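Everything below belongs to model-v3.tsv, which stores TSV, C-alpha atoms and all ligand atoms.
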chain	number	residue	atom	x	y	z
A	113	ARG	CA	124.38	-12.52	49.67
A	114	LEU	CA	127.50	-10.71	48.54
A	115	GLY	CA	129.22	-8.67	51.30
A	119	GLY	CA	129.73	-5.88	59.36
A	120	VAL	CA	129.06	-6.47	63.06
A	121	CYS	CA	125.41	-6.27	64.08
A	122	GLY	CA	126.06	-4.08	67.12
A	123	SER	CA	122.34	-3.67	67.91
A	124	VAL	CA	121.92	-2.32	71.44
A	125	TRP	CA	119.77	-3.59	74.30
A	126	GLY	CA	118.29	-1.67	77.18
A	127	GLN	CA	118.30	-2.94	80.72
A	128	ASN	CA	115.23	-5.20	80.50
A	129	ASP	CA	115.52	-6.21	76.84
A	130	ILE	CA	115.72	-9.91	76.00
A	131	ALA	CA	118.32	-11.57	73.80
A	132	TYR	CA	119.75	-15.05	73.27
A	133	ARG	CA	122.65	-16.73	74.97
A	134	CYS	CA	124.06	-19.60	72.93
A	135	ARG	CA	126.59	-21.64	74.90
A	136	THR	CA	127.59	-23.53	71.77
A	137	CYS	CA	128.47	-20.36	69.83
A	138	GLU	CA	129.61	-17.86	72.46
A	139	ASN	CA	133.28	-16.88	72.81
A	140	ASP	CA	132.64	-16.51	76.57
A	141	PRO	CA	129.63	-16.39	78.94
A	142	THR	CA	129.24	-12.60	78.55
A	143	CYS	CA	128.45	-12.82	74.82
A	144	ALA	CA	124.96	-12.74	73.35
A	145	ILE	CA	123.08	-12.16	70.13
A	146	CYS	CA	119.87	-10.32	69.37
A	147	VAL	CA	116.65	-12.16	68.64
A	148	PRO	CA	116.65	-11.39	64.87
A	149	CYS	CA	120.25	-12.59	64.54
A	150	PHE	CA	119.37	-15.75	66.45
A	151	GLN	CA	116.37	-16.38	64.18
A	152	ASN	CA	118.39	-15.90	60.98
A	153	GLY	CA	121.14	-18.33	61.99
A	154	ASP	CA	121.36	-22.06	62.71
A	155	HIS	CA	121.29	-23.04	66.40
A	156	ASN	CA	119.51	-26.37	65.98
A	157	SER	CA	120.81	-28.71	68.68
A	158	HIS	CA	122.71	-25.83	70.36
A	159	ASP	CA	122.46	-25.07	74.08
A	160	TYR	CA	120.73	-21.70	73.86
A	161	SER	CA	118.47	-19.76	76.20
A	162	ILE	CA	116.46	-16.55	76.21
A	163	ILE	CA	117.99	-14.10	78.69
A	164	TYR	CA	117.28	-10.64	80.09
A	165	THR	CA	120.40	-8.78	79.02
A	166	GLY	CA	120.90	-5.97	81.49
A	167	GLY	CA	121.99	-3.97	78.46
A	168	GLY	CA	124.74	-4.56	75.95
A	169	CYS	CA	125.19	-5.11	72.25
A	170	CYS	CA	124.82	-7.96	69.80
A	171	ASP	CA	127.94	-9.96	69.02
A	172	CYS	CA	126.72	-11.45	65.73
A	173	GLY	CA	129.36	-10.93	63.05
A	174	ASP	CA	132.20	-10.30	65.55
A	175	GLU	CA	134.52	-13.30	65.40
A	176	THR	CA	136.16	-12.09	68.62
A	177	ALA	CA	132.89	-12.53	70.54
A	178	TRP	CA	131.02	-15.25	68.61
A	179	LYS	CA	131.94	-18.33	66.61
A	180	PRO	CA	131.51	-17.67	62.86
A	181	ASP	CA	129.32	-20.73	62.30
A	182	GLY	CA	126.86	-19.01	64.68
A	183	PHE	CA	126.58	-15.86	62.57
A	184	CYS	CA	123.27	-15.08	60.92
A	185	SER	CA	122.77	-14.69	57.18
A	186	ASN	CA	123.14	-10.91	57.31
A	187	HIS	CA	126.48	-10.71	59.17
A	188	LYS	CA	128.87	-12.98	57.32
B	113	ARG	CA	112.28	10.78	62.36
B	114	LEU	CA	110.63	12.06	59.21
B	115	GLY	CA	108.62	9.41	57.30
B	119	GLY	CA	105.66	1.45	56.37
B	120	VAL	CA	104.50	-1.79	57.98
B	121	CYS	CA	107.25	-3.88	59.56
B	122	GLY	CA	106.09	-7.15	58.02
B	123	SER	CA	109.06	-9.12	59.39
B	124	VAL	CA	108.35	-12.85	59.14
B	125	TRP	CA	108.60	-15.57	61.78
B	126	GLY	CA	109.25	-19.25	61.34
B	127	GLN	CA	107.37	-21.91	63.23
B	128	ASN	CA	109.40	-21.83	66.45
B	129	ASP	CA	110.38	-18.15	66.43
B	130	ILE	CA	109.44	-16.01	69.43
B	131	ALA	CA	107.63	-12.68	69.31
B	132	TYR	CA	105.57	-10.52	71.67
B	133	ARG	CA	101.87	-10.53	72.30
B	134	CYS	CA	100.65	-7.26	73.80
B	135	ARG	CA	97.04	-7.50	74.96
B	136	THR	CA	96.92	-3.74	75.53
B	137	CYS	CA	97.95	-2.91	71.95
B	138	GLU	CA	96.63	-5.79	69.84
B	139	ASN	CA	93.63	-5.35	67.50
B	140	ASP	CA	92.72	-8.99	68.27
B	141	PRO	CA	94.33	-12.03	69.94
B	142	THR	CA	95.98	-13.18	66.68
B	143	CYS	CA	98.16	-10.05	66.39
B	144	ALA	CA	101.78	-9.84	67.46
B	145	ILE	CA	104.92	-7.79	67.04
B	146	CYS	CA	108.55	-8.75	66.60
B	147	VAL	CA	111.05	-8.42	69.41
B	148	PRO	CA	112.86	-5.38	67.92
B	149	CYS	CA	109.56	-3.56	67.39
B	150	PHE	CA	108.55	-4.37	70.97
B	151	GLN	CA	111.88	-3.05	72.29
B	152	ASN	CA	111.63	0.21	70.31
B	153	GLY	CA	108.12	1.03	71.52
B	154	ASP	CA	106.50	1.82	74.87
B	155	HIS	CA	104.71	-1.11	76.57
B	156	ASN	CA	105.40	-0.07	80.16
B	157	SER	CA	102.44	-1.20	82.26
B	158	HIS	CA	100.99	-3.16	79.30
B	159	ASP	CA	99.88	-6.78	79.54
B	160	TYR	CA	102.48	-8.33	77.25
B	161	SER	CA	104.01	-11.78	77.00
B	162	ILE	CA	106.71	-13.56	75.01
B	163	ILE	CA	105.10	-16.17	72.74
B	164	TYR	CA	106.16	-18.88	70.30
B	165	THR	CA	104.51	-17.65	67.12
B	166	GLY	CA	103.90	-20.70	64.97
B	167	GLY	CA	104.85	-18.42	62.09
B	168	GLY	CA	103.37	-15.16	60.91
B	169	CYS	CA	104.37	-11.56	60.40
B	170	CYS	CA	104.84	-8.49	62.54
B	171	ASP	CA	101.90	-6.12	62.83
B	172	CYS	CA	103.87	-3.06	63.94
B	173	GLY	CA	102.89	-0.08	61.78
B	174	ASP	CA	99.61	-1.66	60.58
B	175	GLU	CA	96.77	0.27	62.22
B	176	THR	CA	94.39	-2.51	61.17
B	177	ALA	CA	96.24	-5.04	63.35
B	178	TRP	CA	97.83	-2.92	66.10
B	179	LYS	CA	96.94	0.24	68.00
B	180	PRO	CA	99.09	3.18	66.78
B	181	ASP	CA	100.26	4.11	70.27
B	182	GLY	CA	101.89	0.65	70.31
B	183	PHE	CA	103.98	1.28	67.19
B	184	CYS	CA	107.73	1.44	67.53
B	185	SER	CA	109.85	4.45	66.59
B	186	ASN	CA	110.63	3.08	63.12
B	187	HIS	CA	107.04	2.38	61.96
B	188	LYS	CA	105.09	5.56	62.55
A	201	ZN	ZN	122.18	-8.88	66.12
A	202	ZN	ZN	123.51	-11.25	62.70
A	203	ZN	ZN	124.53	-21.42	68.60
A	204	ZN	ZN	108.37	-5.71	63.66
A	205	ZN	ZN	107.94	-1.43	64.44
A	206	ZN	ZN	101.51	-2.65	74.26
Now that the file is in, can you turn its structure into structure tokens?
Ligand SMILES: [Zn+2]
Ligand SMILES: [Zn+2]
Ligand SMILES: [Zn+2]
Ligand SMILES: [Zn+2]
Ligand SMILES: [Zn+2]
Ligand SMILES: [Zn+2]
Amino acid sequence: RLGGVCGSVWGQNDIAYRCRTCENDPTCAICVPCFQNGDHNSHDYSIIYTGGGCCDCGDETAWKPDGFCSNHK
Amino acid sequence: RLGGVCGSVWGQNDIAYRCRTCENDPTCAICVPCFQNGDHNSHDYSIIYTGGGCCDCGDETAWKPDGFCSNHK
């Protein structure tokens, strides 16, 4: 749609996705909804327990733009 | 907050949560964000691959109200 960082926040035991294909570094992650609304077919992703943090979807300094979901580009 | 069913939709391989403590029946489920914004401490929950469907959070006919998240009550 016509045009934002997600920034959604995790608590200590909340799950999220690591995507090693899309991450800027190994400390980056995206929330489940952002994962599900993007294209990670064939990517090396895993479900992780975050230990807290915030979603990097839409932040080009933490996540590769081709890994953004449909709501954060 | 002052006051809705979530209704968020899953694709075939999308994950969600089953909560056997909160479900109306074994076919009910809630989305990850709704799980994370509710209280399922001590509940018998699991991450599942949905096969598609929609989130039951906020629908008293599919999910026990004490299992609703903060955005759907
Ligand atoms: Zn996100
Ligand atoms: Zn996103
Ligand atoms: Zn990816
Ligand atoms: Zn939901
Ligand atoms: Zn909810
Ligand atoms: Zn529950």
Residues of chain B within 7 Å of chain A, counting all atoms listed in the file, what are they? List them as a list in words.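 Putting it all together, I get residues 129, 147 and 151 of chain B.
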Just give me the gap between CA of residue 177 in chain A and CA of residue 164 in chain B in Å, one decimal is fine. 27.5 Å
Local residues around (122.4, -24.2, 73.9), at most 6 Å away, using all atoms listed in the file, as number ranges by chain: A: 134-136, 158-160
Kindly work out which residues sit at most 12 Å from ligand ZN 203 (chain A), using all atoms listed in the file, and give the list as a PyMOL selection string. chain A and resi 132-139+143-145+149-161+171-172+178-184
Computed interatomic separation between CA of residue 185 in chain B and CA of residue 120 in chain B (Å):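 Computing it gives 11.9 Å between the two atoms.
Residue nearest ligand ZN 204 (chain A) within the list B:165, B:121, B:140, B:173: B:121 [criterion: smallest interatomic distance, all atoms listed in the file].
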Please report the interatomic distance between CA of residue 127 in chain B and CA of residue 142 in chain B in Å with one decimal.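 That distance, rounded to one decimal, is 14.8 Å.
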Take the point (125.1, -8.9, 51.8) in the file's coordinates, draw a sphere of radius 10 Å around it, and report as JSON, numbers by chain every protein, DNA or RNA residue with an atom inside or on it, counting all atoms listed in the file. {"A": [113, 114, 115, 119, 185, 186, 187, 188]}
